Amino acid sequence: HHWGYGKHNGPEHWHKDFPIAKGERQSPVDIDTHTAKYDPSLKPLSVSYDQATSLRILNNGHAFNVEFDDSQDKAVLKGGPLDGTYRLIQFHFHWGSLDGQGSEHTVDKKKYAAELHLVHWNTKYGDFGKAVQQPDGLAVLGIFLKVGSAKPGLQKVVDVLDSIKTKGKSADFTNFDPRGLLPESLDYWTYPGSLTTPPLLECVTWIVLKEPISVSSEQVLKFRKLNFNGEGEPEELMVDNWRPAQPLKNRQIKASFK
């Protein structure tokens, strides 16, 4: 049937329905810190999430997404390697069944426990749908989650997970402040890539933050209690919803720091 992360419908099978899976700018990729080029022309990232309006959290059977009201420039991303303003539409995570895996991007082959993707679309394209039809339509801010001390800002998300256990469930999730998920530094690596899940569109300018945020094992453990399946179906734990690193091909990863 449809795509997933199972043995039968996982990443290795995606190309059959989405041939772009074998494209030229697929993500995630391995960030080789020594081959990444420091580009002093990269401006600092400008993350303005003060007016962020979260709406709800939903388990879509692939991960849980926290959606935001993107009808106006409420929460945006500018600067960095970006031209124009990008609106935050949603954030979701990719995590593993074990702490040593879960991130999609890896740094020098190192896998983190999870990876937060703050999805933004280029406002010059009017709506999200048109942005996914453009080479610079999306900007995903990726933040690695390292298991260590709890991230207070993530707790609100962790607490609501019980109400969206299965595929299709959703819960109101207003007044959540995404700034609480940002690491201290905004140093980053950037390269042109794609969505890491089908349709695997190559519309993303990836901005992967150098600095991971810490989450407690208890916090990550609650991610793992989610289900890929819908209610009434056999229980399949939502874990390892990550795509392996893809070939960098003809691309250079630029770093905003040296």
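Throughout, we count residues from 1 along the sequence that is shown.
- With 185 to 193 and 214 to 222 compared on mean CA B-factor from the PDB entry, the stretch scoring higher is 214 to 222.
- When the C-alpha B-factors of 134 to 142 and 176 to 184 are averaged, 176 to 184 comes out higher.
- Remark: of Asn227, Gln51, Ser27, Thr205, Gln51 shows the highest value [criterion: C-alpha B-factor in the PDB entry].
- Compared with the other modelled residues of the chain, the Cα B-factor recorded for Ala36 ranks in the highest third.
- Annotation for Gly100: CA B-factor lies in the middle third of the chain's modelled residues.
- Residue-level temperature factors show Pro199 in the lowest third of its chain, judged at the C-alpha atom.
- Remark: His120 belongs to the lowest third of its chain, ranked by C-alpha B-factor as recorded.
- Sorting the modelled residues of the chain by their CA temperature factor places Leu209 in the lowest third.
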